[PDB]
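One structure below.
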Amino acid sequence: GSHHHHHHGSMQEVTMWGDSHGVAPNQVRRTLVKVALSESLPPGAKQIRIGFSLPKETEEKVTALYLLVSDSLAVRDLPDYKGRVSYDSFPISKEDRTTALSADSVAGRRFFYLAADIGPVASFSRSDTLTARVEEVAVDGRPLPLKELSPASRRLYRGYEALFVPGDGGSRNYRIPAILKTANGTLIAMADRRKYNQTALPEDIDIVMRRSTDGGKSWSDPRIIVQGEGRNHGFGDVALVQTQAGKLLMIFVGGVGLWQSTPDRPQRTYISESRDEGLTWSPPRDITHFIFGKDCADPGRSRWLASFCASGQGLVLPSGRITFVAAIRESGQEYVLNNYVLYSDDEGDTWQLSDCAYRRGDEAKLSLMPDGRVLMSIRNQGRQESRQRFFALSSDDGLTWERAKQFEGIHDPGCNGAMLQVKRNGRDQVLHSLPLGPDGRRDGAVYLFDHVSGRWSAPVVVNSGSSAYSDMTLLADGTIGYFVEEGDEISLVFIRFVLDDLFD
Ligand SMILES: CC(=O)N[C@H]1[C@H]([C@H](O)[C@H](O)CO)O[C@@](O)(C(=O)O)C[C@@H]1O
Ligand SMILES: OC[C@H]1O[C@@H](O)[C@H](O)[C@@H](O)[C@H]1O
Ligand SMILES: OC[C@H]1O[C@@H](O)[C@H](O)[C@@H](O)[C@H]1O
Ligand SMILES: OC[C@H]1O[C@@H](O)[C@H](O)[C@@H](O)[C@H]1O
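All you need for PDB author numbering is the position in the sequence shown, starting with 1, plus 19.
Okay, structure coming up:
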């Protein structure tokens, strides 16, 4: 083995991890440091003592400390599991720097969490972070060597909440975030309820929603909107818009996997609408026949094999044209997709396709440029070219397209993300979310592209660690809502900030 293992008895081993998830004001029992014993305290043990450090700056920002003890070693803050993780909570005065528990109180458990309640104040600047470190763990007065695997650094944001966490509602997993703000200010958050594992269609997957009518301060209980009915009969990959008439429209796929779809046995595209701010939804309407396959009225598309619209959001143009970008498989000989805009000029009654927007594309998004042109951002799938994100432009409201290399300059490890057109210090810019990588789904970042200089900013990492798909919206009061896949076993996390919190 990698280490020398002695033969004079059993050896307890202690591992610790500092936490780096984001936080927000007033949150309760936020983990700062996790400590794991390799085995239960031995039968004759009487006490464990944990000593720690916590800088004045962090002390000033918390209202209370605790030691939590659990039989489970959890990834996220213990309240995020809604009781599915059992734990006891032992208060510590915020000024103290040591705490002790009897072995009887520990009751055989191995997992300890130094946690804090967060106060009401913050600057939200890049440097506005919370930290602590466990400095000693002693059993019956005998210290143990600590293996430190990460430092603690929790950034304060104006809002931070995991909206879908593994195990919620009985679903093992969650993926594929979509966020919509309506004109009346309602927030609709949807996801794939990946009930048995984290894998894609053709697994059995449902679509789930939560809603907020207070700007994301509080969220409704999750509701299953579309129920999967078995393998090959699931649903997922939601994108959302609100039409000019006010109705909400969700588009999604169901059925077999993307690469299993064929013209005669497709993975289908469905739409559903809500006329009451997402409280109720119409039964899913299959619109596959407008796109491809056996029932399509255009014989030139009746042998196309598959199509899916990119999860997250579409775009409703000033004209009222409703758009989503589809990635379409035109040949069964190749694992290649081409992008086309799927659009409706009649509030979703009928749907048409643009001319081809991008060859060898993948999930793509739209945004409205200051002068009315439409910008497409296309996922780079298969490490093409220089591993950069791809872009294209339309000046005819999405009907025809030309590649726009002048917008290229950010790396894409091959992942969905989102755009917002913003104005900052009088300048028209694009905010784009993607993982930073490089070459992997790590470090969820945002970048600003300055339209006039044609240059991208350095990235700002919003959420360090494993990070994948993201969607973003602009709240009415100027805040940005950023809805991201955090972690290897994903939770979908809604983070609120203003641009100056990240770029100032
Ligand atoms: C309908 C469908 O399959 N959607 C899935 C897409 C596509 O497979 C790829 O974009 C095709 O290249 O990719 C994911 O698996 C991914 O990369 O995390 C998630 C998403 O659920
Ligand atoms: O023996 C039980 C142990 O409990 C500890 O708290 C103490 O510091 C040790 O000296 C030892 O007495
Ligand atoms: O107010 C009643 C509702 O009626 C619907 O037709 C419309 O989509 C909504 O935006 C809302 O107007
Ligand atoms: O990598 C940093 C973090 O992001 C994920 O990977 C995971 O949930 C955490 O265990 C941690 O590893």
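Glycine residues also receive a C-beta, built at the ideal position from the N, C-alpha and C atoms.
By a beta-carbon distance limit of 8 Å, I195 contacts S330. Their separation comes to about 5 Å. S510: member of the beta strand (DSSP E) spanning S510 to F516, first to last residue.
The region 62-75 and the region 137-154 touch, with three or more beta-carbon pairs separated by less than 8 Å.
With respect to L455, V480 sits close: the two C-beta atoms are nearer than 8 Å. Around the CB of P185, 16 or more other CB atoms lie within 10 Å, so the residue is classed as buried. In this structure, the beta-carbon distance from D159 to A64 falls below 8 Å. When the Cα atoms are used, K53 and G339 turn out to be separated by approximately 51 Å. Excluding sequence positions up to five before and after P432, its CB lies within less than 7 Å of the CB of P454, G456, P457, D458, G459 and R460, all in the same chain and listed in chain order.
Under the rule that a run must span 4 or more residues, no alpha helix (DSSP H) segment is found entirely inside the region 442-474. For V227 and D187, the gap between their C-alpha atoms comes out near 11 Å. As the crow flies, the alpha-carbon of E78 is around 19 Å from that of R177.
A direct Cα-to-Cα measurement between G484 and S321 gives close to 43 Å. The alpha-carbon separation between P302 and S291 amounts to approximately 6 Å.
In its chain, beyond the 5 residues on either side, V260, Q261, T262, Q263, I341 and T342 have a beta carbon closer than 8 Å to the beta carbon of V335.
For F426, the CB contacts under 6 Å within the same chain, skipping 5 residues up- and downstream, are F410 in chain order. Secondary-structure assignment with DSSP links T34 through a beta bridge to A55 and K166. Cβ-Cβ distances below 6 Å link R443 to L518 in the same chain, with the five nearest sequence neighbours on each side left out; the list follows chain order.
Excluding the 5 residues flanking it on each side, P285 has same chain C-beta neighbours closer than 6 Å at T307 and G312, in chain order. In this structure, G41 and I514 form a Cβ contact; the two beta carbons are roughly 6 Å apart against a cut-off of 8 Å.
Only residues of its own chain outside the window of five on either side were considered, and among them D225 have a CB closer than 7 Å to the CB of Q246, listed in chain order. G506 is the residue among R398, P61, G506 and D368 whose C-alpha sits nearest the C-alpha of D462. Between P389 and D314, the gap from beta carbon to beta carbon reaches 8 Å or more. Ligand 3 has no heavy atom closer than 7 Å to the beta-carbon of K200. Under the three-state reduction of DSSP output, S291 falls in the strand class. Here DSSP, grouped into helix, strand and coil, assigns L175 to strand. The shortest CA-to-CA distance from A376 to any of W370, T369, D368 and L385 is the one to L385. Distance between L467 and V441, taken at the CA atoms: about 9 Å.
Here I198 is not near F516, since their CB atoms are 8 Å or more apart.
Note on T82: under 16 other CB atoms within 10 angstroms of its CB, so exposed under the neighbour-count rule. One thing to note: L387 has its Cβ no nearer than 8 Å to the Cβ of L412. The criterion of a C-beta distance shorter than 8 Å is not satisfied by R242 and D223.
The Cβ atoms of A219 and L511 do not sit closer than 8 Å to each other. When the Cα atoms are used, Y289 and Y215 turn out to be separated by approximately 23 Å. Our two residues, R212 and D415, have alpha carbons roughly 37 Å apart in a direct line.
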